[PDB]
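A note on names: the letters A, B, ... follow the listed sequences, proteins ahead of strands, and every chain is numbered from 1. In what follows, every heavy atom counts, from backbone to side chain, and hydrogens, waters and symmetry copies are set aside.
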Amino acid sequence: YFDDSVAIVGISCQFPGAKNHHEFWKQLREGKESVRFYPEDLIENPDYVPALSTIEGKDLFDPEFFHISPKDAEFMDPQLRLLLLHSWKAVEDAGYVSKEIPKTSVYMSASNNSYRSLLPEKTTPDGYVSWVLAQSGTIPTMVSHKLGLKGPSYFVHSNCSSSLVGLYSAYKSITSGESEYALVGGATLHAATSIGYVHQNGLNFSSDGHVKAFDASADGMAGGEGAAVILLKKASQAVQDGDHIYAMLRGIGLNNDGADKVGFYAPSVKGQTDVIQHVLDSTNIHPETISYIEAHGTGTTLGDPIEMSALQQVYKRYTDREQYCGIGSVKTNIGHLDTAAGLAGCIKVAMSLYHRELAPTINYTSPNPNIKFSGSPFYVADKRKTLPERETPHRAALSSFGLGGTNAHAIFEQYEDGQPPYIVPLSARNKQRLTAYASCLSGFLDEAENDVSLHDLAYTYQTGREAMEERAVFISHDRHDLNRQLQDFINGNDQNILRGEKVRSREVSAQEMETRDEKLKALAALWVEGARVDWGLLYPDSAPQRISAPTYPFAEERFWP
Amino acid sequence: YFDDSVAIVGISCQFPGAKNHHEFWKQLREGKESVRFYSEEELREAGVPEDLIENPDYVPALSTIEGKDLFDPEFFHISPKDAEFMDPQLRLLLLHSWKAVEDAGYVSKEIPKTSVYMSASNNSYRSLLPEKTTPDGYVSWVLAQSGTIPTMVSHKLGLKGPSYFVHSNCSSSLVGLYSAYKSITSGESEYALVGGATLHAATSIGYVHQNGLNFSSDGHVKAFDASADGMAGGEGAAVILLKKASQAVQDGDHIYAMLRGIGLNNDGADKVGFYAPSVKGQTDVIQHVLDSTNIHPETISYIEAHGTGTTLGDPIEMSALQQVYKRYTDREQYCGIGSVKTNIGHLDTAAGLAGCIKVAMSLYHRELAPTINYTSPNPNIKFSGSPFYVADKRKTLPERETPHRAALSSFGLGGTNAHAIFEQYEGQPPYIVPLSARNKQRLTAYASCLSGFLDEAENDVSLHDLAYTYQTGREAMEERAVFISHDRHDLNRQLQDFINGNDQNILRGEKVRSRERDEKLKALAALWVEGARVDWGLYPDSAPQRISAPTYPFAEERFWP
């Protein structure tokens with residue numbers, strides 16, 4: 001059933017308002033808009049829109065982790081830096097040690113932000129190195145080189161639809177057997193902080209800084225900045241391996257509008273129609289089984305009606321059922337993230353399916369009077385909605401239509417205990433980082449909305465994280481005790497915690513192999529001194545499951561010209 | 001047989017020394033180096049700093065094309081203001097895309113099922129624009145985004161296949177070629193355009209040779225030679241058109257060569273550093289391409305190497321080829337090795353296409369062109385007793401039963417490797433040549449190009465095929481002239497009359513608007529010059545063939561900040 005499917009097994013993102021994807025999903029469920037509203041000419045201009053949707057810490061990085069010099073880190077634009085960080089995290093989110101999954105392709109997209117222009121005129125050996133680090137192919141290749149990945153690795157771009165070209169490239173590589181996994185990343189991070197813009201005739205930008213998708217009041221888009229990477233995997237293999245799967249990608253297609261439209265910057269109903277139709281034909285998925293569509297959904301006066309006209313024209317070929325499929329756009333929450341737009345949409349879809357719930361689209365009061373929702377398949381999904389139990393898995397589609405005419409549509413599908421004590425091995429590159437890890441893990445235990453399985457959590461840190469030089473092991477019976485020990489560690493009250501410094505890895509010996517509580521303590525002590533223990537020994541008759549958990553706590557050092 | 005093959009049917013290039021691919025092949029066959037070296041005089045004019053001139057390590061070399069700044073925006077209905085916002089890579093790849101389709105004998109709007117893949121450098125062109133400029137800020141930003149290149153091509157040519165930018169540093173063109181191969185062999189598109197261009201946004205004569213750059217001590221690329229001590233750059237642009245192989249054959253296209261298979265990988269972590277080469281990565285990609293094609297290495301007559309002339313890279317390249325081919329054969333000295341970088345330098349994103357075009361034209365002309373700057377083998381490489389010889393002479397490819405095959409390698413900085421295998425593929429007067437262009441000045445230029453071609457062609461030119469190419473392989477435009485001729489010398493005389501203003505004997509049309517045996521020919525001609533869409537299907541009992549012929553003579557207007 002899953003031969004033509006790919007599993008989404010890891011996510012890492014950093015979007016306006018949200019430091020990670022779990023916080024992102026929370027903010028989407030709650031209807032939160034993360035656009036922020038606040039030089040004399042501009043201040044006084046009645047058409048200046050005082051709005052910015054960005055992430056923080058574009059300048060922060062941990063070059064030492066990757067053996068990058070401080071000088072070279074400064075030569076690196078923020079998109080390169082954050083896509084590397086997020087690639088590392090996406091694999092850890094999935095519960096894999098990157099160097100243990102070499103059969104992984106890498107596809108990345110980012111903006112031309114002119115970062116290298118910021119460097120000193122004299123600078124621009126430095127001239128050549130900084131030029132190389134500015135070339136777009138350096139992004140995915142740097143990921144491959146630093147993570148240990150050997151599949152095809154390259155940059156892809158189609159303006160707004162870029163993320164979806166990344167996703168298409170992953171789909172193709174994995175379904176063909178070229179690779180087992182793929183990383184897909186997108187980031188549009190400007191090399192300046194420029195608050196607001198001036199609303200004017202020659203531009204289809206919102207009059208008030210809000211994206212009002214599908215609304216009567218929709219008068220233009222607004223941009224936002226962020227970074228995201230996801231890890232995909234051959235579906236049958238993910239199921240076999242017991243991975244934590246957010247959702248399945250069942251198919252995806254691309255086209256270009258060509259000449260058949262009035263102008264280079266215009267939208268095209270015909271191009272949208274045809275790519276939707278192409279994806280229905282390749283997947284053979286019937287439009288009656290789609291419960292939700294994450295639209296391109298930019299909130300332009302001409303684009304929103306065009307988008308719905310294309311969907312209605314195609315679905316009419318298949319059905320007359322009414323009001324069964326919701327429509328929304330994450331651009332309402334965080335703006336149009338350019339190269340990352342398609343991945344913001346994808347991550348919304350995947351989390352909706354994972355949580356069996358739709359999140360609302362926002363800034364909506366009344367339907368655009370040019371759009372006829374009534375009596376069509378579609379309603380505007382302006383509330384939370386539980387996805388009902390039913391026999392067919394729920395499916396959700398996603399659109400992204402780029403400036404220049406390259407269109408993409410994709411269809412996704414929903415996919416659906418030990419005994420204490422539990423051993424949580426943490427490690428990082430140095431003591432400061434390790435302490436930060438404990439602090440991350442503690443915050444996670446406190447902030448998680450639901451109870452957290454220590455069986456699964458421990459197994460994730462055992463088998464899903466690279467063992468580094470600074471080590472600590474926490475043996476605990478329950479979450480509150482584990483948190484107490486983490487807080488003791490954070491505070492320097494270290495006395496009863498197994499610790500290792502400058503640890504060097506080694507193969508277990510025959511001698512080392514020569515009660516269950518005693519044995520657990522012993523494995524832990526071997527690991528903290530560097531022995532590559534077989535954590536499988538903990539689980540003769542339990543079956544832990546890798547879960548989404550805090551990922552490496554990178555240093556936050558500033559590099560900027 | 002050809003199910004897994006793609007035909008190369010059109011080429012357009014502009015490389016150091018060569019204004020087109022025919023001149024390029026001539027120059028290769030003759031062993032010409034097109035790197036320019038500057039005297040002290042020459043450096044002073046062109047105004048290079050006397051402190052560079054006096055530096056004993058300054059290398060006074062440049063391998064570039066001319067006229068990076070020249071474009072014809074009116075042809076594409078681009079405003080002069082927007083033309084200035086366009087970087088030269090975007091401009092030249094558009095021009096060369098138009099030309100490649102004409103080189104193939106197709107009217108671009110008649111081949112909508114065409115994918116588009118482009119690669120180019122980050123040259124910081126937008127940074128050159130005024131600060132006030134940077135609606136202009138947004139439009140120039142859009143035009144600076146990499147996805148605009150292929151999508152501008154799709155839009156302006158009328159193409160509706162997937163369209164996007166790809167990049168993997170020096171191997172980029174081969175990622176483009178791979179994407180074309182996959183799109184066509186899967187049935188996604190019938191055709192594809194593949195382009196590459198690295199054009200810097202400055203003219204910077206020479207460089208300073210120094211430790212910690214792997215750049216030639218004297219500006220020559222000395223591939224495989226004992227004196228090889230580093231690479232040297234060049235700039236250029238190229239686009240080719242590929243087509244489903246069986247359909248190219250069925251349509252009677254002019255086929256330069258077939259592409260039989262191609263593959264990609266990344267070196268990953270298994271090497272000492274980001275910027276280093278990798279014998280393992282190369283070995284593995286070559287092996288992958290042999291296994292996917294099932295082509296035996298004894299049938300390969302020539303390899304166009306990545307061939308950069310670095311002290312460590314050249315031996316690594318041969319070690320990988322030797323290690324793979326050893327597993328198949330003990331035969332000796334049957335396969336040549338060479339590198340076009342010896343002629344024109346390392347063309348970065350266009351390096352792979354320069355190699356492809358050399359291979360294609362070698363196969364088409366059944367001859368190998370020499371690799372240059374080669375006296376004596378690198379003593380770390382053992383050619384003796386291996387399959388390989390350095391192809392430092394012209395060589396005729398003998399008649400044999402198995403078609404000749406030639407492979408191509410491109411190994412990017414950041415570790416994305418590509419390898420491809422290519423294979424050789426083998427009416428009565430008067431004639432009517434209907435020429436048309438956008439205005440009278442372009443039409444005159446067209447006549448002049450056509451006349452020059454007739455004079456410069458090394459062999460006799462079939463008027464039967466030439467006329468058919470202009471009839472059926474060129475968009476009929478508003479300024480029209482028809483030349484009815486019995487032979488090449490008369491045709492040339494009429495073209496020269498036209499060029500000189502003596503056009504009273506030539507049927508002409510101005511501001512023509514399209515609308516729905518000797519006697520009959522004259523009648524078609526008069527209809528066509530007034531805009532009637534005549535059926536050139538003149539050919540009840542002859543079968544003309546489309547050929548490579550002069551393409552649209554774009555205006556050469558300067559746009560530069």
Select one option (side chain, backbone, both, neither) describing which atoms of [X] are under 4.5 Å from chain A's heavy atoms.
{"X": "B:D348", "value": "side chain"}
{"X": "B:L143", "value": "side chain"}
{"X": "B:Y125", "value": "neither"}
{"X": "B:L413", "value": "both"}
{"X": "B:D267", "value": "backbone"}

Among [options], which has the most heavy-atom pairs under 4.5 Å with chain A?
{"options": "B:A120, B:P150, B:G273", "value": "B:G273"}
{"options": "B:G161, B:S171, B:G415", "value": "B:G161"}
{"options": "B:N417, B:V139, B:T416, B:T349", "value": "B:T416"}

- Task: Only one of A:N256, A:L254, A:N255, A:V165 passes side-chain contact (heavy atoms from CB on, under 4.5 Å) with B:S163; say which it is.
- Result: A:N256
- Message: Less than 4.5 Å apart, side chain to side chain, heavy atoms only: is that true for A:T138 and B:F274?
- Response: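 Yes, side chains in contact.
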Gap between atom [atom2] of [Y] and atom [atom1] of [X] - 0.5 Å precision:
{"X": "A:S114", "Y": "B:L128", "atom1": "OG", "atom2": "CG", "result": "9.5 Å"}
{"X": "A:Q135", "Y": "B:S172", "atom1": "CD", "atom2": "OG", "result": "9.0 Å"}
{"X": "B:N122", "Y": "A:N113", "atom1": "CG", "atom2": "CG", "result": "8.5 Å"}
{"X": "B:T151", "Y": "A:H157", "atom1": "OG1", "atom2": "NE2", "result": "8.5 Å"}
{"X": "B:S121", "Y": "A:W131", "atom1": "OG", "atom2": "CH2", "result": "6.0 Å"}

- Message: Around atom NZ of B:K280, are there more than 12 heavy atoms from other residues, nucleotides or ligands closer than 6.0 Å?
- Response: no
- Message: Within the supplied structure, the quantity of interest is the number of heavy atoms (other residues, nucleotides, ligands) at a distance under 6.0 Å from B:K271 NZ; does it exceed 12?
- Response: yes
- Item | Heavy-atom contact with chain B under 4.5 Å, split by part of A:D260 |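 The side chain, not the backbone.
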- Message: Counting only non-hydrogen atoms closer than 4.5 Å, does A:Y107 touch chain B with its backbone (N, CA, C, O), its side chain (CB onward), both, or neither?
- Response: neither
- Query: For chain B, which of A:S144, A:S109, A:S158 has the most heavy-atom pairs under 4.5 Å?
  - Reply: A:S144
- Item | Check: B:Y138 ring centroid to A:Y197 ring centroid under 6.0 Å | no
- How close do A:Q200 and B:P135 get, heavy atom to heavy atom, and via which atoms?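 Minimum heavy-atom separation between A:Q200 and B:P135: OE1-CD, 3.2 Å.
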- Task: Please report the shortest heavy-atom distance between A:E178 and B:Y178, naming the atom on each side.
- Result: OE2-OH, 2.6 Å
